[PDB]
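One chain is shown next in structure tokens, namely the form deposited in one PDB entry.
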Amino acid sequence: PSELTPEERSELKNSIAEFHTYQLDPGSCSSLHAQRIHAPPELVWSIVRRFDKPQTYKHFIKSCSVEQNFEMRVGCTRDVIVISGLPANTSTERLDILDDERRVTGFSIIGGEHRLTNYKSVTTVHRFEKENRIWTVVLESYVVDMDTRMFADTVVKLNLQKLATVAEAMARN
């Protein structure tokens, strides 16, 4: 990630090896993106961990539904309807990992009308502290089958930026 400082890259080497390295299946495409956020990591995590409410920190979502008496645990699902004018209409997604202690979460696409077969994403949230400053870096990686990388990278980048905007609005003193 070309936005991270040398110190940020050094402190994140472990997390990248631990959560963002893939054994690529035949015929795939993977990328890692980073976003610096000037807000406390506990706040950033409280936003991005809400699997049932991706529209609150992502673009392009017309609506997101979950079942009645929804319980956020691995295996739960969400039904996303995409706004018009994109190369996707609907997506059914499954929560793959939720680690509140380590601030790791991830999901997989398991259905829908779109072109991102076998898409799987992992997001991690990281605390930085130096002198009297506390800030966050979010890392998000994906793998997907098979322009494709350009579209998926740009969406992931824009969504990380929305997450940053939301968290920074909430963190204002």
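By rigid core we mean the largest C-alpha set that fits within 1.5 Å across both forms. Numbering starts at 1 and follows the sequence shown. Residues that one form lacks are left out of the comparison.
What comes next is about the form deposited in another entry, which is not displayed.
> With the rigid core superposed, which of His114, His126, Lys58, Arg49 has its C-alpha shift by 2 Å or more between this form and the one not shown?
If I go through the list carefully, the shifting residue is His114.
> Inspect the rigid-core superposition and answer whether the C-alpha of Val82 shifts by 2 angstroms or more between this form and the one not shown.
No, its C-alpha moves less than 2 Å.
> A 3 angstroms or greater change in CA distance between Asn118 and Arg115 is reported in that other deposited form. Closer or farther than in this form?
Relative to the shown form, the pair is closer.
> Might you say whether the CA atoms of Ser84 and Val156 end up closer or farther apart in that other deposited form than in this form? Their distance differs by 3 Å or more.
They are closer; the C-alpha distance drops by 3 Å or more in that other deposited form.
> When the two are fit on their core, where are the runs of 3+ residues whose C-alphas each shift at least 2 angstroms between this form and the one not shown?
The runs that move are 84-88, 113-116, 147-149.
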